[PDB]
Ligand code: HEM
Ligand code: HEM
Ligand SMILES: NC(=[NH2+])NCCC[C@H](N)C(=O)O
Ligand SMILES: NC(=[NH2+])NCCC[C@H](N)C(=O)O
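Chains as they are written, first to last, in the deposited numbering: chain A, 10 to 368; chain B, 11 to 368.
This is the structure we're talking about:
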């Protein structure tokens, strides 16, 4: 076999840097690699400890090239949801993650591992996410949710068809296909957009959810592949205000914003697009704090990312990254990141993409 | 190895080269031959007015890092493979400036020189500001510190201010870099002032009009014209987003922010951002009140997008460098940022080349 040949290697190099950064020992490494060789053979795969997944989870986040807020990688609250085998059970850990993660405001960076190898498989990109619809004429909702919604709909689900319908959790377990569960109206904390200097900014009837719990991603650690492992940090103004809210294909809100704010859309040379972006992001950063939701602006992130670079060197590790995904989508030339280059090599553990079942 | 390699490149070139302009194999076939012998006798060859012209425009077109390719085929070329005197190489440089600056309506022009380093222009750009590291402080463009140091080494001396015009330093034949200050009359300068903020012009900032990069050697048909200056018309960002904003460049963000009465005590106030905009609007406004060609990124990326269309409808592949294409401010409001490009180098193209003073 050549799955037990590779998997063995991945495991061996994991435990090595893993236990070694933990300041463990050299004996307990072989002691552990031993249990793993014996086990990978008699059973065909092995199982981690909760200092293995725990610290291993934090290592995957540290190793995420496309992430700007890696500073707080060690402060990750990991949850062992591996002992879940029933669809009911899965669901609860997912309702919990949301909760704990939200923390009625001061959002907690948390990851919840599940039975690996695909024994569990959540479908949603993000646990909380707005629906996508394409009606007779007009694109309603979040265009980047179309396919998924059209999959929920096909499973008996139906929305109100408003620009902010909260999609439902829909997971697949042991085999078959999926099941969904509307996600509690009082579980999804939201933030209404208001601008501190333009009162009309609310007639724009805009709003966004608090915690982005990405989940359609697989988590590899030591060779084991955790196809279902939700994780979340806290949003960055630009994310909502410079992408979700300002892109053509998404909620394309820039023009209306500009209009209401008196600028003229006639000529580009007036940079109305840009001025809008500022206010539209100001509104978001502003809004969230006012509600108490944990948020961070793009300037601070970079700065904290810079601290991450300093810290990582003081530890001896070199830093890996992805420039195309680090530069904040707004005034990116005002962050050190932009004036330097990064090595996009992926070091395990890391997070990866995976084919979407609904496509 | 070296001379056979040349024919390989030289052929690959006349083919596609002749293809497009719309002529006929009977020639590519026949004039690709005299280049086989002329390389067996001397050791290279010489282009035709028709060849390096288009072939230069091809290079532009092949610029993976240029958002201004919608006008590749309107590049005013300028032959000068017949200059061999330092005094000559200078007046041509002076020409490029005048013709290009065109009293304002900037003309996209290039000037090809004798190849294989018989001519070497040292300056990054013909018109560019000097840089100094003074005891306490740094003056000018931190970017041209090193080069300037060189100019002073050759006897040049600057009034040590934020906007001194560097001198044109060229090398010819083989040695002794000579320099000669540019006629003040030839450097057109735009004063940055704000359409709404009357107190902006008080920051006493200015900038030249023509970015004539001059230290890249544009290969074409295996011929390295170490010297071959080219330009276009600025894009607001280049000036009010980089040159004037980076903390190492003119670090102008905080003062404009201050002068424009914002709060520079917190980033969650996006004070740098509001400032970037107003500084950029400040440029575009100014350059226009002077009558100098200049494009904004929204309009620019738009055009690049047209260049994309026209490249495909004409059955060509578009190659680019996303990281260089996306503008420094509001990159996610341009089609660019949202798609992927092919950073493959199609020659003829412009390249980098070691700085004789470092
Ligand atoms: C502390 C709050 C956090 C901040 C400020 C932060 C910020 C960011 C930002 C701005 C991006 C780019 C998002 C986009 O362009 O769509 C990103 C991507 C990413 N983040 Fe972080 N993050 C945080 C926490 C986390 C946590 C807890 C994990 C992992 C346990 C994580 C894993 C990732 C991954 C894997 C990506 C890539 C997304 C993809 O490939 O689609 N982040 N993060
Ligand atoms: C129509 C006006 C033009 C515009 C708007 C334009 C704009 C740009 C911009 C904004 C950059 C990035 C500059 C930087 O970040 O330093 C660039 C780079 C470049 N462009 Fe253009 N361009 C124009 C004309 C030309 C012409 C006439 C040529 C060639 C014949 C050319 C050759 C290139 C090259 C080779 C680079 C790379 C410079 C480097 O690597 O430092 N451009 N251009
Ligand atoms: N700060 C984060 N954890 N971001 C995760 C990705 C969220 C995604 N960009 C969104 O707007 O939904
Ligand atoms: N539009 C151009 N051709 N620019 C050439 C590079 C000029 C450089 N960005 C500068 O600001 O001086």
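Quick reminder that beta carbons are idealized off the backbone N, C-alpha and C, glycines included.
1) Confirm the yes/no value for this check: CB of residue 243(A), any heavy atom of ligand 3, distance under 7 Å.
2) Could you check the C-alpha separation between residue 40(B) and residue 66(B) for me, to the nearest Å?
3) If you run the structure through DSSP and keep just helix, strand and coil, what is residue 332(A)?
4) How about residue 277(B): is its C-beta nearer than 8 Å to some C-beta of chain A?
5) When you compare the CB of residue 329(A) with every CB in chain B, is at least one pair closer than 8 Å?
6) With DSSP as the reference, please indicate the residues paired to residue 90(A) in a beta bridge.
7) How big is the Cα-Cα spacing for residue 151(B) and residue 139(B)?
8) Could you name the residues of chain B that residue 215(A) contacts, counting a contact when the two beta carbons are closer than 7 Å?
9) Could you check whether the region 187-204 of chain B touches the region 297-311 of chain B, counting it as contact only if at least three pairs of C-beta atoms, one from each stretch, sit closer than 8 Å?
10) Would you say the beta carbon of residue 223(A) comes nearer than 7 Å to a heavy atom of ligand 3?
11) Could you please tell me which residues of the region 107-126 of chain B, in chain order, have their CB closer than 9 Å to any CB of chain A?
12) Give a yes or no on whether 8 Å exceeds the smallest Cβ distance from residue 343(A) to chain B.
13) So that I know if they touch, is there some Cβ in chain B lying closer than 8 Å to that of residue 252(A)?
14) Use the C-beta contact count for residue 126(A): other C-beta atoms within 10 angstroms, 16 or more gives buried, fewer gives exposed.
15) Given a threshold of 16 other Cβ atoms within 10 Å of its Cβ, counted over all protein chains shown, does residue 364(B) qualify as buried or as exposed?
16) Flag residue 31(B) as yes if its beta-carbon sits less than 8 Å from any beta-carbon of chain A, otherwise no.
17) Using three-state DSSP, classify residue 286(A) as helix, strand or coil.
18) Bridge partners for residue 380(A) per DSSP, in chain order?
19) Report the start-end ranges of each alpha helix (DSSP H) in the region 30-71 of chain B that is 4 residues or longer and not cut off at the edges.
20) What residues in its chain sit with their C-beta under 7 Å from that of residue 293(B), if we drop five residues either side in the sequence?
21) Tell me whether residue 212(A) is buried or exposed, calling it buried when 16 or more other Cβ atoms sit within 10 Å of its Cβ.
22) Relative to chain B, which residues along the region 294-311 of chain A have a C-beta separation below 7 Å, given in chain order?
23) Run the CB neighbour count on residue 344(A), radius 10 Å, all protein chains shown included, and call it buried at 16 or more, exposed below.
24) Check whether the Cβ of residue 133(A) sits closer than 7 Å to any heavy atom of ligand 4, and report yes or no.
25) Which whole runs of the beta strand (DSSP E) in the region 145-214 of chain B are 3 residues long or more, in chain order?
26) Does the region 274-288 of chain A come into contact with the region 327-343 of chain B, if we say contact requires no fewer than three beta-carbon pairs (one atom in each stretch) closer than 8 Å?
27) For the 8 Å Cβ check, are there 3 or more pairs between the region 78-88 of chain A and the region 50-58 of chain A?
28) Is the closest heavy atom of ligand 4 to the C-beta of residue 249(B) under 7 Å?
29) In the region 182-202 of chain B, which residues sit with their C-beta less than 8 Å from some C-beta in chain A, listed in chain order?
30) Can we say the region 148-162 of chain B touches the region 347-358 of chain B, given the rule of at least three CB pairs closer than 8 Å?
31) Name the two residues that bound the continuous beta strand (DSSP E) containing residue 216(A).
32) Rounding to the nearest angstrom, what Cα-Cα distance links residue 318(A) and residue 265(A) in this structure?
33) Between residue 180(B) and residue 172(B), is the Cβ-Cβ spacing less than 8 Å?
34) From what residue to what residue does the alpha helix (DSSP H) around residue 360(A) run?
35) Any idea which residues DSSP pairs residue 266(B) with across the strands?
36) How would you write the range of the alpha helix (DSSP H) that residue 109(A) sits in, first residue to last?
Walking through what the data contain:
1) yes
2) 22 Å
3) helix
4) yes
5) no
6) 123(A)
7) 6 Å
8) Under the 7 Å cutoff, chain B gives no residues; its nearest Cβ is about 18 Å from residue 215(A).
9) yes
10) yes
11) none
12) yes
13) yes
14) exposed
15) exposed
16) no
17) helix
18) Chain A is shown only over 10 to 368; residue 380(A) falls outside these bounds and no answer can be derived.
19) 38-41, 44-51, 59-71
20) 202, 246, 249, 250
21) exposed
22) 294, 306, 308, 309
23) buried
24) no
25) 178-182, 185-190, 199-202
26) yes
27) no
28) yes
29) none
30) no
31) 216-218
32) 39 Å
33) no
34) Premise fails: residue 360(A) lies in the beta strand (DSSP E), 359-361, not in any alpha helix (DSSP H).
35) None, per the DSSP bridge assignment.
36) 96-111
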